[PDB]
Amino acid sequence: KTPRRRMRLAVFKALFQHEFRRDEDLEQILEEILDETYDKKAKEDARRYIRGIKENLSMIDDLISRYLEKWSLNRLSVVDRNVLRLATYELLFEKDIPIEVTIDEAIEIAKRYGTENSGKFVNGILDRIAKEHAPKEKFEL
């Protein structure tokens, strides 16, 4: 019922809003965005995403940094950095989602909230990260 797309957008919001509330807890902000309009399934998925991102934040950031050919991670816009994080987390840890879906949905968040070049920017980076880091079983999907 609650679209997976909206669930993922809730995760992105938490990430975005946490950059301005760092001494608060990611999980806390998530619980603010999550209200009675989000399915049980959506609340559980979003919570998994946030816990997984927090637990793997260093590894995820270091992975993205490896594929940045221009500005460093800290120098990207808040939207671009967090889109890359979310999409990288989903590529690495969410088994049921095809690569193309993760990247396409990431591009749409980028296009909607970022700069004019955000969509192409994240597309390029995620294409490379997926090719070399998506778990092998995903290449069946």
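Between two forms, the rigid core is the largest collection of C-alphas that superpose within 1.5 Å. Residue numbers here begin at 1 and follow the sequence given.
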With the rigid core held as the alignment frame, decide whether 94-102 or 68-76 lies farther from the shown form in 4 other deposited structures of this protein, in terms of RMS C-alpha distance.
68-76
Report the stretch with the higher root mean square CA deviation, pooled over structures and residues in 4 other deposited structures of this protein, choosing between 31-39 and 110-118 after a rigid core fit.
110-118
Averaging CA B factors per stretch from the PDB record, which one is higher: 21-29 or 127-135?
21-29
Entry-level comparison of average CA B-factors, 111-119 and 81-89, reporting the higher stretch:
111-119
In terms of recorded Cα temperature factor, pick the maximum from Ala106, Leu57, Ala46, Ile99.
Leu57
